[PDB]
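J.: PDB entry and its sequence, pasted below:
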Amino acid sequence: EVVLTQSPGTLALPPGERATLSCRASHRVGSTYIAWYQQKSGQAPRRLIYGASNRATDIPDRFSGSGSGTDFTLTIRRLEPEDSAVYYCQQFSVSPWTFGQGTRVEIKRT
Amino acid sequence: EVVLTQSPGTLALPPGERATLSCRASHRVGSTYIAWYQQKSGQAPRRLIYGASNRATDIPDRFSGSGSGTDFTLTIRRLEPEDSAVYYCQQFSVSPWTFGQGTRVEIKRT
Amino acid sequence: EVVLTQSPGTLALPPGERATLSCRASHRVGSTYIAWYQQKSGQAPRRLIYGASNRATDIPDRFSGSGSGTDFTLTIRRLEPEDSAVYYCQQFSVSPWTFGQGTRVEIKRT
Amino acid sequence: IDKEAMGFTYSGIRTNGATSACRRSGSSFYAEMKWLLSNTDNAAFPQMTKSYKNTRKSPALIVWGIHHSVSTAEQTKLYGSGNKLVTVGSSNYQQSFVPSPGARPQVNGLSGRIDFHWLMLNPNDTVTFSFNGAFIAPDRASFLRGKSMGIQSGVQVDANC
Amino acid sequence: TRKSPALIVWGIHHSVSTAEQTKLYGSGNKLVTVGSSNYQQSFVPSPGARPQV
Amino acid sequence: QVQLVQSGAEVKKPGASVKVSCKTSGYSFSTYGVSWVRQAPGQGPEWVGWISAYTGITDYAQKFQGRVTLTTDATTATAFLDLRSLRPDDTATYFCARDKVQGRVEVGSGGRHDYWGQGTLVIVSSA
Amino acid sequence: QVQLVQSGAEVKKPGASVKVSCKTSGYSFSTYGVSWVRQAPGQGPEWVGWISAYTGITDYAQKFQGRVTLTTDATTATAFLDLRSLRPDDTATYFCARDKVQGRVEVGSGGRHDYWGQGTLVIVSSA
Amino acid sequence: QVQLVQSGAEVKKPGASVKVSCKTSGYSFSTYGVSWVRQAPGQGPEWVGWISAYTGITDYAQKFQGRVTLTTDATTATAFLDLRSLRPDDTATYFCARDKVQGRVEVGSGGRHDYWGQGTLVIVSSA
Amino acid sequence: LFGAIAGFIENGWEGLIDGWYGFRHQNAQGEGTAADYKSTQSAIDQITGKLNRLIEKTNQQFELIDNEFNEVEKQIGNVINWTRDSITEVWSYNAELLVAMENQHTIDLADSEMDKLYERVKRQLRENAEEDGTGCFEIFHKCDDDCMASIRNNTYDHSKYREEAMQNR
Amino acid sequence: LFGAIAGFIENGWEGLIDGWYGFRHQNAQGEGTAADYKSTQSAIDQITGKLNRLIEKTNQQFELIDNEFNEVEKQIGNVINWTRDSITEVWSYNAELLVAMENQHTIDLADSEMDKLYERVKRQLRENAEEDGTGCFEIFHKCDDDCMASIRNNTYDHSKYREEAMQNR
Amino acid sequence: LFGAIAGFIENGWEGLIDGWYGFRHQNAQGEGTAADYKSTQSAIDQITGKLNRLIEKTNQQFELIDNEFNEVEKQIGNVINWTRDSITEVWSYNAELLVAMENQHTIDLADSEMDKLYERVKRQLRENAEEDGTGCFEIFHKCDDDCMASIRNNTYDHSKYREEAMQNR
Amino acid sequence: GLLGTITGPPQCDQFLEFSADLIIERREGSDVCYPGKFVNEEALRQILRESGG
Ligand SMILES: *[C@@H]1O[C@H](CO)[C@@H](O)[C@H](O)[C@H]1NC(C)=O
Ligand SMILES: *[C@@H]1O[C@H](CO)[C@@H](O)[C@H](O)[C@H]1NC(C)=O
Ligand SMILES: *[C@@H]1O[C@H](CO)[C@@H](O)[C@H](O)[C@H]1NC(C)=O
Ligand SMILES: *[C@@H]1O[C@H](CO)[C@@H](O)[C@H](O)[C@H]1NC(C)=O
C-alpha cells in the first residue's frame, strides 16, 4: 500500500508565525488524490485542502497546500489560536486509502 | 460551423504590383483542407490553390498561397489585367464545407 | 531482406594491436537483434557478442561490440594469437535471419 | 540596408587616406568610411568631437574604426604622439577605445590592422564621437529595411524552383 | 567574513574632458586594479564628450 | 480530358421540382464522386451537398436536408441534383464539381473540387 | 445544506454485531456514495470502506474483508455500516463521509470526503 | 551444462533425403527451440530455419520452403532437420543452435544462438 | 472503431437521462426504459481517470532569461529565442497528439463498454432469444416486467423459460 | 490484434482488386466474387484521415545561430550544439514512436472493419445459416444469385427463407 | 478494455503454471487442466516486442557545458539551466506517457488473445455446444478425454457428434 | 588543473603531453602555481576536454 508519513510529530509555534507541515509518500501519488484535514479533540475532521493545493469551501486563505510526487506540504501562513489541533494528510489514488499519522500544532507564551 | 471571413472586401491595385488576400477561419483548419478560387463574371470558379499552398495544374506561379491554423493568404505576386476578378477561399475539413464571402481585385490607370 | 555487408574482407595485424571490424546493414536494425561470432577452421562458430554490445559468457573483455542503426562494430582491443579466425555478424530482427560474409583476422612477424 | 549621410565636415586635418589593399581606380578605401589623418606628414591631431542624431523612426546602425599602426613611429607620422583616445557615447551605449601599435603578420601585404566597432543608435537618440587620432569615421549610417532570412551555401541559385 | 558570498560594486568616473579629470583627481594615467581569489581585473578612465543625459 | 457538362438552364414555378444533370468524361466514375455548389445572383458560392459514386453515401447541408436528393449514373457515369419545394430563394446557378478520391488512399487535396461544370441557372418564379 | 447525521453511540459485547447509520440531507443520493473512516481513541484515522449509492459497488480494506458490510438507503437516502465478530480492537469512533462523484464525469477531488458526520463511538467490551 | 550433440556425418546421392539429429542436454526443452544454420565448404554461414519446441511453430527461409521439415523430440528432447530432393548445392555443414526464449517473457538476446552443435557434414554426390 | 456504438445500434436515446447505457423493453404491459448503472460508471471511471491524469501542471519553476525592457545582446538573444521556439514546437506537437490520441481511445472505450453489456445480455438469455440485428433481442416467451428486471440486474434464469422459448423457436 | 483479419480468415484474395473487403459465394450457378464498397471506404477514410494529419510541416521559421564559415566562440558553440542535439533526440524519439503507434492502429482498425462486416452478415442471416469457422457462412436454403446480392447490400429478409433453413438445421 | 479477461471470465487460475491461457474440462473421467501453447506465445511475442523496442539507449554522446568546480558566468549559466530543465520536462512527460500508453495496450492485447482463443473454440464446436456465460462451453454429447484433446489442438470434427448433440438440444 | 597541462606548473609536469579517451578533473586541481587566471578559461577547458590529449 501507500504509506503517508508526516513530519514533524509535534510543532510548537507562537501565534502569527508561519507553520510548515510535511507529508511524504512512499509511492508517487498524483496531486489530485491528496487531501489535508484538521481535527480538534472530540470533533469530526474538517477537510482543509483537496487535490494537494485547492482550498475547500469557507477555509481561510492562510491554509495553502503545495508539492507534487512524493512530497506534499500544508502551510499555515500565520497561526491563529484556533489553529491548535492535529493535522492529517490523506491519499485516495489507490486503495486502501491511507492516512498520515498526523502532526500536532501547539501555540505559545505564558 | 466553420466561418471563413475574407479581407478586404475590395482590393484595387495597378498592374504589376503585389496583391495580398486574407482568409481568416473561426476554427483551426488543417492546411490540407483549404482551397482558393478565382471567378470572373459569368463563368465557373477555377481552382487556384489546394491544400493551402499547392498550385493547381496550369496555374501561373504568381498565385501562391500560404499560412496555417486560422490565417491563410493568397498572394498575387505581380498582377496582370486578366487577374481582375473575385477570389473565394474554401474549407472542406468538416461539413458543412464553407466559403469565404470573397475579395474583389481591380486594376488601375486612365 | 536485410543485407549485412562486412568490411574489410581481410584484416592483418600484429599481436597486441587493436582490430576494428565493421558490419553495415541495408536496413535499420535494433541493437538487440545483432550478434557477432568467431569461427576457426573446422569448428562450430562461438558467439562473442549478442544485442550489439553485450559480451557472452566466458568471453574475454577484449571483445567489445558497439554501434547502432545500420553501423555496427566489433573491436578486438588487443589481439592475441588465438584470435586469428573468421568473424561473422548476424541479424535476427526480421526473417530471413541473415549473416555477413565475414572478416578474416591474421597476425604477423617472421 | 538603406544608408544615410551623417554629415561630417572637418577642419584642421586631412580626410582622404587610402591603400593598395582597397583597389578601385588605384589606391582607395572603404566607401562608407573616411580615413582621418593629420595635415602634414607629422604634427598633431586636435582633439575633435563629432555628433550625430538618429532622426528616423527606426534604430541606426553606426560603425567606426580604430587604426592600429605597424609601429609607434607610423602612428606619430599619421596622427601625432601621446596617447590617442576614442570615446563613444549614447543613451544605451557607453564605451571607449585605445590604439595598439605593433607588428602583425602581413595580410594583403600589410601589417597594420583596423578594429571595426558598432552600436545601434535608438530613434531620437544621439551618438557622439570624442577622438584625437587613429579614427576611421563613418561617412554614412545604416538602417534596416524590413525582414529577410540569411543562408550560407556552396550551390548555385535557381530562380525557377 | 560571512557565510555567503558578498556582492561588491565600484565605479569608474569618466569625465567630460581631460581638463575636468585633472581638476578632480590630477594628471597622469589613473589606474584601478581589483583583486580577489576568483577575480582579477583592472580599469582605465576615458575622458570625452558624450550626449547630455 | 476531364470535363463536366451540365444540362441547360431551367425555369420553374415556386413549389415545383427541378433536376440538373452532370455528364462525366475523362476520368473513371466512382473514383471520386461529386460536390454541388450553388450561387445566387450577385452573391457568393455556397456548398449544397456531396455524393460518392463509389459507395452512394450522401452528405447534405442542414438547409437542404429533406428536399434535396443526389444520385448517380444509371450506368452512363452522370450525376443528378434533385431539388423540390422550390422557394424563390432557390434562384441560383448550380455547379457540379468532381470531388474527393474514393476507392483508394491518397494524400493531399488534389482531387478536391478540381474540375467544375459550366453551370446551370435555375430561375424559380411564377411570372 | 449538506449534512451527515449518524446514529447514537453504542456499547457491544465482544463477538457481537454493530450497525451504525448515516442519514443524508442536502445533496441527491446516488450522486456520490460514502466513505467510512474509523478512529481508535488516542489514535489517528484509518479508512474502512467505500460504497456507491449509484451502483452499489463496495470496496473494503483487507482488514475488514469478510466481516464488514456496507449498504444504502431502503429509499430514504441513508447509508449503513455493519461490523460483526467485534474484537476489542474495533473500539473506535466511526465516521461516515460523502465521497466521490458518481453518475457524472467531473475533474478534481472536490467531492472527495467533503462532508463528514458527527461520529459514532462504538465501545466493544464485556464489563 | 548445456550441450548440443548432433548425429554423425552423412553421404547421400542427389535427389535423396537426409536427416540430421540434435540431442539436447543441460536446459529444459520447449523453453527455447532451435535455429538451424548451414555452411558450404569454404563459404560463410546461412540460416536455414527455426522451430519452437514449445509451440511447434516453424519458420523457414524461402530457399528451403517445401523441401525442409523441422521437428522435435518424440519425448527425449531432441530436434531433427529433414531435407529432401538434395541438390549438389546442399553439400554443407549443418549446425543446430539453441535459440530464443519461449514460454516466458525476457528482455534481450541472451538466449539467441547461445549454444551450438559440433556440426554435421552432408555430402551430396553420386560417385 | 470497436464493435459498433454508431453501427448496428443506429442511434442513441436523448430521453435516456438516467445513465449512459440502458435497456428499452416492450411487452404486454407497455413501454419501458431504464439505465444500467454499472456499465455507465465503468465508462465514467475510465474517462475521469484520463482527465485527472491529463489535467496537471509542473512543479518545475522557470525563470526569466531575457529582457522585455532592456534587450539582451543579440547573439545570446537569438540562441534563447531559437531554443524557446523549439520547445514550443515540441509541446505544440505533444499537446495536439495527446488530445487526438486520447479522444480516439475515449470514443473507442465507450464503444467497448456498450459491446460488453450487449454481448453479456446475449449470453444471459442463452437459447431463449434471438439477435434482432439492431441491438435488440426478440424474446420467445413473452417476458413480463419482473422478467425484464431480472435481465437488467443479471439474475435471469434461462432454464426456467427454456422449454417455452425453444418450442417457439 | 483485434478479432482476426489474419486469424480465422486464413488469407486474403489477391484477385480482389475491386475493393478492400468483399464476399465470395458459391451455389448452383457457379463462382462469384464481389467487393463491399462501404466498409472499404470506411477503412480508406480513416487511413486518409491519419496521413493528412501526419503529413504536415511547421509554419515556424528557424534561423541560423552558428556559422559554417567563421566558427562562433567555443562556449556558445558547445551550448548550441548540445541544445540542437537534444532537440534531434526528442524529434527522433517522437517520429519513431509516432509511426510505430500509427502502424499498430492502422492494422488493428483494418482488422476492426473486417470483423464489423463479418458479424454484420452473421446477424443478417439470423438462424438461416451457420458459422463455418473460416469466415464463411454455410447457408441452408440454397441461395441463388439474387439471394446473394440481397445479402451483399443488406436487404436479405431472413424470415422469407427461415422455414426451409431451420428444417435443414 | 476489450472483450473481457476480467469480465465474463470471473478469475484466473493460479494453478495454471504451464502457460498464460488454457482449458479446464470436466467429464466422466475426472478433472482436467491443460495450457494452450500457441495463444500464450502470441501474447509473449508481442510483449517481448514492446520491451525490446522500449529498453534502448542513445548512441548520441552529450558533453559537459557547465562546471561543477568553477561556475560559469551567470547569464550563460541560466540559459543552460533553463534549457536542461526544459528537456527534463519533455523527457519526463514522454516517459510517463509512454509507460502509461504501453501498459494500457499490454493489458488490452492480453484481453484480445483470450477473446480470440475463446471465440475460436466457439466456432470449433458449431451447434454441438452452448455458451455457458462464464467462459465455459456446456457440451451435449459427453466428451471424453480424447474428444477434449481434439478440441485443444483444433482438430475436433463437429459433424461427428452433431446428431447426438442437437438431439439433446 | 586541465589548463595547467598547457602552461605547465609543477603539479602538471607529468601531463605536459598526455593522451586520453577519458580525461578526469579533480576538485583539488589547479591551473596555476604563480597566482593568476586564464581569459576565457571555460572555452579552453572544453577544447582540452575533447582533445584526446
Ligand atoms: C522624437 O522626437 C520628436 C521631436 O520632438 C517627437 O515629436 C517625437 O514624438 C519623438 N518620438 C519618439 C519615439 O521619441
Ligand atoms: C525574440 O522574440 C521576441 C518575441 O518573443 C522578440 O521581442 C525579440 O526581439 C526576439 N529576439 C531578438 C534578438 O530579436
Ligand atoms: C557542432 O557540430 C558541428 C556539426 O554539426 C561541428 O561542425 C562543430 O564543430 C561543432 N561545434 C564545435 C564547437 O565544435
Ligand atoms: C543550475 O543548476 C545547478 C544544479 O543543477 C546549480 O548548482 C547551479 O547553481 C544553477 N545555475 C546557477 C547559475 O545558479
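T.: Good, I have the coordinates. Residues are numbered from 1 along each chain as shown, chains lettered A, B, ... in the order given. Ligands and ions are numbered 1, 2, ... in the order given.

J.: For the rest of this, base every contact and every neighbour count on C-alpha atoms.
T.: OK.

J.: could you point out which element follows the longest helix anywhere in chain I?
T.: Using DSSP state H to define each element, chain I has its longest helix at helix I:74-125. Next in sequence after helix I:74-125, counting helices and strands by DSSP states H and E, comes strand I:129-131.

J.: separation between the most centrally placed residue in chain I and ligand 2?
T.: The structure's chain I has its C-alpha centroid closest to residue I:110; by CA atoms, centre = their mean the separation is 1.8 Å. Going from residue I:110 to ligand 2 by CA to the nearest ligand atom, to the nearest Å gives 42 Å.

J.: Which strands or helices does the longest helix of chain I pack on?
T.: helix I:37-54, helix J:74-125, helix K:74-125 (3 or more CA pairs under 8 Å, 6 or more residues apart in numbering or on different chains; DSSP states H and E).

J.: Save the ones you listed as TSV, and put in distance to residue L:1 too.
T.: As requested, those are arranged in TSV below (distance: least, CA to CA, whole Å):
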stretch	distance to residue L:1
helix I:37-54	49
helix J:74-125	19
helix K:74-125	21
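
J.: Would you agree residue D:84 is in contact with residue D:133?
T.: Yes: the pair residue D:84 / residue D:133 is scored as a contact, 5.9 Å apart, by CA atoms under 8 Å.

J.: Which one's more surrounded, the two?
T.: For residue D:84 versus residue D:133, the count of surrounding residues by other CA atoms under 10 Å in any protein chain shown is larger for residue D:133: 28 against 19.

J.: The more buried one: what secondary structure?
T.: coil (DSSP: H, G, I helix; E, B strand; the rest coil).

J.: and residue D:138, how many residues sit next to it?
T.: Close neighbours of residue D:138, defined as other CA under 10 Å, add up to 20.

J.: mind listing what the nearest residue to the residue nearest to the centre of chain I once chain neighbours are set aside touches?
T.: Distance criterion CA to CA, 6 or more residues apart in numbering or on different chains; nearest residue to residue I:110, sequence neighbours excluded, is residue I:43 at 6.2 Å. Shown here is residue I:43, whose contacts under the criterion CA atoms under 8 Å, 6 or more residues apart in numbering or on different chains are I:109-110, I:113.

J.: repeat that for 10 Å
T.: Taking CA atoms under 10 Å, 6 or more residues apart in numbering or on different chains as the criterion, residue I:43 is in contact with G:104-105, I:20-21, I:49, I:106, I:109-114.

J.: For chain L, which residue gets nearest to chain C?
T.: Closest residue of chain L to chain C, CA to the nearest CA: residue L:21 (13.6 Å).

J.: how close does that residue get to chain A?
T.: Distance of residue L:21 to chain A, given as CA to the nearest CA, to the nearest Å: 39 Å.

J.: Report how many residues lie close to that residue.
T.: Residue L:21: 9 neighbours (other CA under 10 Å).

J.: Residue L:48 is in contact with that one, correct?
T.: No: using CA atoms under 10 Å as the test, residue L:21 is too far from residue L:48 to be in contact (11.6 Å).

J.: Quick one, which of the contacts of residue I:43 are buried?
T.: I:20-21, I:106, I:109-114 (16 or more other CA atoms under 10 Å in any protein chain shown).

J.: And these, which is closest to ligand 4?
T.: residue I:106 (39.2 Å; CA to the nearest ligand atom).
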